[PDB]
Amino acid sequence: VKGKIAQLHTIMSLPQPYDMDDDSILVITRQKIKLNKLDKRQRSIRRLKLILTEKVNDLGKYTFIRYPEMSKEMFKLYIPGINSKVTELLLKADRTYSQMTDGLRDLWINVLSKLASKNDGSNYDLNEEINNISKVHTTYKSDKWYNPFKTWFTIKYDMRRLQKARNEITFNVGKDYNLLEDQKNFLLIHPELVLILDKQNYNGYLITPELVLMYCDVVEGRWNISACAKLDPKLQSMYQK
Amino acid sequence: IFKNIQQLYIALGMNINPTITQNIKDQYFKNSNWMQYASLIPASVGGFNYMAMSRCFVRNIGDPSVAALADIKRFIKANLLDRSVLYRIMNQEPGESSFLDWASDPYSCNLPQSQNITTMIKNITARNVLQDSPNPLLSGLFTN
Amino acid sequence: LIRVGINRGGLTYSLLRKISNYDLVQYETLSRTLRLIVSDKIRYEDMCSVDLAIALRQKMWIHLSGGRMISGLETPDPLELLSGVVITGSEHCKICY
């Protein structure tokens, strides 16, 4: 819903990118702000503007981008400094899988020799699909949509952890956000929003958790489609297409 | 198999569930050939494998236990597993299910604490939520 | 479930502890099974999968069934059952021979 994102832009004082057929929710939110009747969640969202102005100095020169236009720059989001926790796990998975390729190939060769046993040679050793077993981990690891997947999975994990921690214990009202600053990207994760600042080109993105989940699963789907098309001999051209 | 291994690692190391202890994590990560065993052993006998290779050809396999044990034999014949793995699977410990639980799912072996999440939710709803209700149907059906 | 329970009443943590501990219990059970000490007195890899399943179901349900039998369940799996022979080049089927 465009209304939710427009409301997030209009709660904390930021420029309004969107235009809408009926800006009723924006008028309602502005009226609530003027008379100071904001809810608890809206107040918690609004209080982050002070932190944003304290950390980021030249916040007034950033330009925020709407949802459809930012997709080109958000399907490939690489933040190398924050995905140092899932990389180790994926590397260990690669190692523990590489320890089984020989046995897996022998198993499939035995099964195929039992099911269709020709009496005149025709060994199954030189089969393309069987020979591509030994490079599944290599193909996933050296993929184009791997780093954006890692970054988005880390972002989703942090946001979901914060959201779950809010439910169990709301006592720690003071600090619920997660802040990560770098010479490239400035990332703020809140159980209700994600704010990304690109400082080299002065761009800003403010997204809802729904957009977080959408981008995460879309990038995961792209990664899986591309890699699994690369492996299969019948879909090698479909990979590049 | 590879995606199942990745899922196992992610769930055991990078999940928001706070009930996972460090003991389980550093027992599965440090012990030799434990994640491979967990990902390869068919789950009908205790593992985390939900794809019998017979499913790749036919849809209705039959009772999953027979397919699981056939796949275990195939694994140990292809040097993926060991004979001791099959011996341990044969000599594991039984659960504590009853006759009604057996009737609710006949193909199941007596795996300890094998009840599904949906089964637990259904049991909780039947025994707690729908006990005292004004609806004639539920009042007649769900007694104490 | 939580919404209906708070609407009606009767939900307590003692009932919902299992739902939270399910995954840890699964991991603990597998860990307990994986570090068991076994002997090679009986070779279980030389039996057909049907016999293995029969023995497993006999062993697991020993408290309910006892010495009695369980029937009507086991069916042979395809891959263990079938054996295909592609007859080509004027040679008889080895099994048929």
# chains A, B, ... in the order shown; residues from 1 in each chain; ligands from 1
>>> select_by_dssp(residues="chain C", states="helix (DSSP H, G or I)", output="ChimeraX atom specification")
/C:2-8,13-34,44-46,49-60,78-81
>>> write_last_selection(atoms="C-alpha atoms", output="tab-separated table (two decimals), in the first residue's frame")
chain	number	residue	atom	x	y	z
C	2	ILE	CA	-3.44	-16.92	20.68
C	3	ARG	CA	-6.13	-14.48	19.52
C	4	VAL	CA	-8.92	-17.01	20.11
C	5	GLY	CA	-7.42	-18.03	23.45
C	6	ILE	CA	-7.23	-14.48	24.78
C	7	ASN	CA	-10.75	-13.86	23.47
C	8	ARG	CA	-12.14	-16.93	25.27
C	13	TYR	CA	2.28	-21.36	29.50
C	14	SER	CA	2.32	-24.97	30.75
C	15	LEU	CA	0.28	-25.93	27.68
C	16	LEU	CA	2.35	-23.88	25.22
C	17	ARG	CA	5.82	-24.85	26.46
C	18	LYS	CA	5.97	-27.75	23.99
C	19	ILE	CA	5.34	-25.49	20.99
C	20	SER	CA	8.31	-23.33	21.98
C	21	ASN	CA	10.62	-26.26	22.83
C	22	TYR	CA	9.70	-28.39	19.79
C	23	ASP	CA	12.76	-27.59	17.66
C	24	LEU	CA	15.27	-27.90	20.49
C	25	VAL	CA	13.69	-31.22	21.46
C	26	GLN	CA	14.07	-32.47	17.87
C	27	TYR	CA	17.76	-31.53	17.83
C	28	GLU	CA	18.32	-33.07	21.27
C	29	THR	CA	16.64	-36.33	20.23
C	30	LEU	CA	18.76	-36.61	17.08
C	31	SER	CA	21.91	-35.83	19.07
C	32	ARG	CA	21.01	-38.50	21.63
C	33	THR	CA	20.48	-41.07	18.87
C	34	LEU	CA	23.65	-40.19	16.95
C	44	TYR	CA	21.21	-55.20	9.16
C	45	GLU	CA	22.52	-54.24	5.71
C	46	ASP	CA	21.98	-57.72	4.21
C	49	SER	CA	14.06	-53.04	3.24
C	50	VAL	CA	10.67	-54.62	3.98
C	51	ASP	CA	12.20	-56.93	6.60
C	52	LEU	CA	14.10	-53.97	8.07
C	53	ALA	CA	10.90	-51.93	8.35
C	54	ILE	CA	9.11	-54.88	9.95
C	55	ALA	CA	11.87	-55.25	12.53
C	56	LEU	CA	11.93	-51.50	13.22
C	57	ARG	CA	8.17	-51.33	13.76
C	58	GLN	CA	8.37	-54.40	16.00
C	59	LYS	CA	11.09	-52.78	18.10
C	60	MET	CA	9.61	-49.28	18.43
C	78	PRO	CA	9.91	-49.15	-6.74
C	79	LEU	CA	13.66	-48.70	-7.09
C	80	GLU	CA	14.54	-51.74	-4.97
C	81	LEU	CA	11.95	-53.78	-6.88
>>> interface_residues(of="chain C", to="chain A", cutoff="9 Å", atoms="only C-alpha atoms", output="VMD selection string")
chain C and resid 79 82 to 89 91 93 to 94
>>> residues_around(residues="residue 31 of chain B", least_positions_apart="6", cutoff="12 Å", atoms="only C-alpha atoms", output="list in words")
residues 23, 24, 25, 37 and 38 of chain B; 31, 34 and 35 of chain C
>>> interface_residues(of="chain A", to="chain B", cutoff="9 Å", atoms="only C-alpha atoms", output="ChimeraX atom specification")
/A:85-86,89-90,92-94,96-97,99-100,102-108,110-111,136-137,157-158,160-161,164
>>> interface_residues(of="chain B", to="chain C", cutoff="7 Å", atoms="only C-alpha atoms", output="PyMOL selection string")
chain B and resi 19-20+46+54+61-63+65-67+69-70+73+84+87-88+90+92+94+109-110+117+128-129
>>> atom_distance(atom1="atom CA of residue 216 of chain A", atom2="atom CA of residue 194 of chain A")
13.1 Å
>>> closest_atom_pairs(of="segment 42-95 of chain A", to="segment 173-179 of chain A", cutoff="12 Å", atoms="only C-alpha atoms", output="JSON lines")
{"residue": "A:43", "atom": "CA", "partner": "A:173", "partner_atom": "CA", "distance": 11.5}
{"residue": "A:44", "atom": "CA", "partner": "A:173", "partner_atom": "CA", "distance": 8.7}
{"residue": "A:45", "atom": "CA", "partner": "A:177", "partner_atom": "CA", "distance": 10.0}
{"residue": "A:47", "atom": "CA", "partner": "A:174", "partner_atom": "CA", "distance": 10.4}
{"residue": "A:48", "atom": "CA", "partner": "A:177", "partner_atom": "CA", "distance": 8.7}
{"residue": "A:51", "atom": "CA", "partner": "A:179", "partner_atom": "CA", "distance": 9.9}
{"residue": "A:52", "atom": "CA", "partner": "A:179", "partner_atom": "CA", "distance": 10.0}
{"residue": "A:55", "atom": "CA", "partner": "A:179", "partner_atom": "CA", "distance": 9.7}
{"residue": "A:56", "atom": "CA", "partner": "A:179", "partner_atom": "CA", "distance": 11.5}
{"residue": "A:82", "atom": "CA", "partner": "A:179", "partner_atom": "CA", "distance": 10.9}
>>> write_last_selection(atoms="N, CA, C and O atoms", output="short mmCIF file (atom, residue, chain, number, x, y, z; two decimals), in the first residue's frame")
data_model
loop_
_atom_site.label_atom_id
_atom_site.label_comp_id
_atom_site.auth_asym_id
_atom_site.auth_seq_id
_atom_site.Cartn_x
_atom_site.Cartn_y
_atom_site.Cartn_z
N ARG A 43 4.54 7.59 17.63
CA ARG A 43 5.49 8.38 18.40
C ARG A 43 6.88 7.76 18.37
O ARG A 43 7.89 8.47 18.25
N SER A 44 6.96 6.43 18.49
CA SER A 44 8.25 5.76 18.42
C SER A 44 8.90 5.95 17.05
O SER A 44 10.12 6.13 16.96
N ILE A 45 8.10 5.90 15.99
CA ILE A 45 8.63 6.15 14.65
C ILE A 45 9.12 7.59 14.54
O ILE A 45 10.18 7.86 13.96
N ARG A 47 10.19 9.66 16.87
CA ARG A 47 11.33 10.03 17.70
C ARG A 47 12.68 9.73 17.05
O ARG A 47 13.70 10.19 17.56
N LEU A 48 12.71 8.96 15.96
CA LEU A 48 13.97 8.65 15.29
C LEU A 48 14.52 9.82 14.49
O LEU A 48 15.68 9.76 14.07
N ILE A 51 17.57 11.27 16.27
CA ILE A 51 18.76 10.45 16.07
C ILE A 51 19.31 10.63 14.67
O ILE A 51 20.53 10.71 14.46
N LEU A 52 18.42 10.69 13.67
CA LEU A 52 18.86 10.87 12.29
C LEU A 52 19.57 12.21 12.11
O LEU A 52 20.57 12.29 11.39
N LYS A 55 23.12 11.97 14.07
CA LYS A 55 24.16 11.17 13.42
C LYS A 55 24.54 11.75 12.06
O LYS A 55 25.69 12.11 11.83
N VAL A 56 23.57 11.84 11.15
CA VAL A 56 23.82 12.41 9.83
C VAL A 56 23.77 13.93 9.93
O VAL A 56 22.79 14.49 10.44
N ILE A 82 28.32 -5.73 6.87
CA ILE A 82 27.28 -6.22 7.76
C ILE A 82 26.95 -7.69 7.56
O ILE A 82 26.23 -8.26 8.39
#
>>> atom_distance(atom1="atom CA of residue 4 of chain A", atom2="atom CA of residue 192 of chain A")
10.6 Å
>>> atom_distance(atom1="atom CA of residue 77 of chain A", atom2="atom CA of residue 153 of chain A")
11.2 Å
>>> decode(residues="segment 41-68 of chain C", atoms="N, CA, C and O atoms", output="mmCIF file, in the first residue's frame")
data_model
loop_
_atom_site.group_PDB
_atom_site.id
_atom_site.type_symbol
_atom_site.label_atom_id
_atom_site.label_comp_id
_atom_site.auth_asym_id
_atom_site.auth_seq_id
_atom_site.Cartn_x
_atom_site.Cartn_y
_atom_site.Cartn_z
ATOM 1 N N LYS C 41 26.975 -57.456 15.844
ATOM 2 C CA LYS C 41 26.548 -58.845 15.983
ATOM 3 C C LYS C 41 25.575 -59.242 14.880
ATOM 4 O O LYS C 41 25.680 -60.340 14.320
ATOM 5 N N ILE C 42 24.627 -58.369 14.553
ATOM 6 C CA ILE C 42 23.620 -58.634 13.533
ATOM 7 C C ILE C 42 23.827 -57.654 12.389
ATOM 8 O O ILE C 42 23.848 -56.437 12.603
ATOM 9 N N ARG C 43 23.976 -58.185 11.177
ATOM 10 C CA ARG C 43 24.221 -57.369 9.990
ATOM 11 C C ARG C 43 22.875 -56.964 9.402
ATOM 12 O O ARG C 43 22.199 -57.768 8.757
ATOM 13 N N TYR C 44 22.488 -55.712 9.624
ATOM 14 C CA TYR C 44 21.207 -55.198 9.162
ATOM 15 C C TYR C 44 21.247 -54.697 7.725
ATOM 16 O O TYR C 44 20.207 -54.284 7.202
ATOM 17 N N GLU C 45 22.408 -54.712 7.079
ATOM 18 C CA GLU C 45 22.524 -54.238 5.708
ATOM 19 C C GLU C 45 22.343 -55.344 4.678
ATOM 20 O O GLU C 45 22.352 -55.060 3.477
ATOM 21 N N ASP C 46 22.176 -56.592 5.113
ATOM 22 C CA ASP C 46 21.983 -57.717 4.210
ATOM 23 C C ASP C 46 20.530 -58.162 4.129
ATOM 24 O O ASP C 46 20.245 -59.202 3.527
ATOM 25 N N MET C 47 19.611 -57.407 4.719
ATOM 26 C CA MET C 47 18.191 -57.719 4.691
ATOM 27 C C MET C 47 17.468 -56.786 3.730
ATOM 28 O O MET C 47 17.911 -55.666 3.462
ATOM 29 N N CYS C 48 16.344 -57.264 3.206
ATOM 30 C CA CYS C 48 15.513 -56.430 2.354
ATOM 31 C C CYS C 48 14.878 -55.320 3.182
ATOM 32 O O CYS C 48 14.660 -55.463 4.388
ATOM 33 N N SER C 49 14.593 -54.194 2.523
ATOM 34 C CA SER C 49 14.064 -53.036 3.237
ATOM 35 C C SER C 49 12.738 -53.345 3.922
ATOM 36 O O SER C 49 12.436 -52.767 4.971
ATOM 37 N N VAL C 50 11.939 -54.248 3.353
ATOM 38 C CA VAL C 50 10.675 -54.622 3.980
ATOM 39 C C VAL C 50 10.922 -55.319 5.313
ATOM 40 O O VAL C 50 10.265 -55.018 6.318
ATOM 41 N N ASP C 51 11.873 -56.254 5.349
ATOM 42 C CA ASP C 51 12.201 -56.926 6.603
ATOM 43 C C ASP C 51 12.753 -55.940 7.624
ATOM 44 O O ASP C 51 12.453 -56.036 8.820
ATOM 45 N N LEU C 52 13.570 -54.988 7.167
ATOM 46 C CA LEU C 52 14.103 -53.973 8.069
ATOM 47 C C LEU C 52 12.988 -53.123 8.665
ATOM 48 O O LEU C 52 12.995 -52.834 9.866
ATOM 49 N N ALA C 53 12.022 -52.711 7.840
ATOM 50 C CA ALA C 53 10.902 -51.926 8.347
ATOM 51 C C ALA C 53 10.062 -52.735 9.324
ATOM 52 O O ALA C 53 9.592 -52.204 10.338
ATOM 53 N N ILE C 54 9.858 -54.021 9.035
ATOM 54 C CA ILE C 54 9.105 -54.878 9.945
ATOM 55 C C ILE C 54 9.805 -54.959 11.296
ATOM 56 O O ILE C 54 9.176 -54.817 12.352
ATOM 57 N N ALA C 55 11.124 -55.172 11.281
ATOM 58 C CA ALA C 55 11.873 -55.252 12.531
ATOM 59 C C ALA C 55 11.837 -53.928 13.285
ATOM 60 O O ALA C 55 11.701 -53.908 14.515
ATOM 61 N N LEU C 56 11.958 -52.810 12.566
ATOM 62 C CA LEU C 56 11.927 -51.504 13.215
ATOM 63 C C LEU C 56 10.583 -51.253 13.885
ATOM 64 O O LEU C 56 10.523 -50.809 15.037
ATOM 65 N N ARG C 57 9.486 -51.535 13.176
ATOM 66 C CA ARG C 57 8.168 -51.327 13.764
ATOM 67 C C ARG C 57 7.910 -52.284 14.917
ATOM 68 O O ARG C 57 7.195 -51.933 15.860
ATOM 69 N N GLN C 58 8.470 -53.494 14.861
ATOM 70 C CA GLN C 58 8.366 -54.400 15.999
ATOM 71 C C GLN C 58 9.112 -53.853 17.209
ATOM 72 O O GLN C 58 8.642 -53.980 18.345
ATOM 73 N N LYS C 59 10.283 -53.251 16.986
ATOM 74 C CA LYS C 59 11.094 -52.779 18.104
ATOM 75 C C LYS C 59 10.522 -51.509 18.726
ATOM 76 O O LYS C 59 10.507 -51.368 19.953
ATOM 77 N N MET C 60 10.056 -50.568 17.899
ATOM 78 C CA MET C 60 9.611 -49.280 18.429
ATOM 79 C C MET C 60 8.346 -49.412 19.268
ATOM 80 O O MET C 60 8.233 -48.788 20.330
ATOM 81 N N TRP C 61 7.384 -50.220 18.819
ATOM 82 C CA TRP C 61 6.094 -50.342 19.487
ATOM 83 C C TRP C 61 6.054 -51.498 20.477
ATOM 84 O O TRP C 61 4.997 -52.113 20.657
ATOM 85 N N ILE C 62 7.180 -51.816 21.118
ATOM 86 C CA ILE C 62 7.236 -52.998 21.974
ATOM 87 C C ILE C 62 6.371 -52.830 23.218
ATOM 88 O O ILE C 62 5.898 -53.822 23.786
ATOM 89 N N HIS C 63 6.148 -51.596 23.673
ATOM 90 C CA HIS C 63 5.353 -51.413 24.882
ATOM 91 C C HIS C 63 3.862 -51.579 24.606
ATOM 92 O O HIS C 63 3.128 -52.101 25.453
ATOM 93 N N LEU C 64 3.396 -51.148 23.433
ATOM 94 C CA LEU C 64 1.992 -51.326 23.080
ATOM 95 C C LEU C 64 1.735 -52.716 22.509
ATOM 96 O O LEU C 64 0.956 -53.496 23.068
ATOM 97 N N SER C 65 2.383 -53.039 21.388
ATOM 98 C CA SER C 65 2.086 -54.286 20.691
ATOM 99 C C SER C 65 2.561 -55.498 21.480
ATOM 100 O O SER C 65 1.855 -56.509 21.556
ATOM 101 N N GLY C 66 3.746 -55.419 22.077
ATOM 102 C CA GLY C 66 4.297 -56.612 22.682
ATOM 103 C C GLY C 66 4.794 -57.576 21.616
ATOM 104 O O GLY C 66 5.290 -57.179 20.558
ATOM 105 N N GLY C 67 4.650 -58.868 21.900
ATOM 106 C CA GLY C 67 5.096 -59.882 20.962
ATOM 107 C C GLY C 67 4.207 -60.085 19.755
ATOM 108 O O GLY C 67 4.586 -60.824 18.842
ATOM 109 N N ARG C 68 3.040 -59.445 19.724
ATOM 110 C CA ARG C 68 2.105 -59.627 18.625
ATOM 111 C C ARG C 68 2.604 -58.911 17.371
ATOM 112 O O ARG C 68 3.595 -58.177 17.390
#
